[PDB]
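In terms of the authors' numbering, the sequence shown has 15 at position 15, counting the first letter as 1, and numbering is strictly consecutive. Have a look at the structure below, then the notes.
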Amino acid sequence: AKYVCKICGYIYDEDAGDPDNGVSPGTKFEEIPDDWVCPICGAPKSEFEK
């Protein structure tokens with residue numbers, strides 16, 4: 001459900017999303033596009049686990 005970024009740590013809240021890099025609310029992590037990124041640290045999506 002929540003993936004934490006193992007590099008800069010950011011919490012990939014996919015329900016809150018990350019609009020700053022086009023990652024929306026309601027969007028799931030296994031649904032967050034490959035070039036979406038954290039509004040805070042923007043750490044690489046693949047740094048996501050759940």
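Note that CB positions come from ideal geometry on N, CA and C, so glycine has one too.
Just curious, the beta strand (DSSP E) that residue i is in, first and last residue?
i: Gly9; result: 9-11
Between the options, which has its C-alpha nearest residue i's C-alpha?
i: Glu30; options: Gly9, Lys6, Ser46, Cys5; result: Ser46
i: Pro33; options: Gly22, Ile40, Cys41, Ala43; result: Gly22
i: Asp15; options: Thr27, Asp35, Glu49, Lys50; result: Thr27
Pick helix, strand or coil for residue i, following the three-state DSSP scheme.
i: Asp18; result: strand
Per DSSP, which one or two residues make a beta bridge with residue i?
i: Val23; result: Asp18
i: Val37; result: None, per the DSSP bridge assignment.
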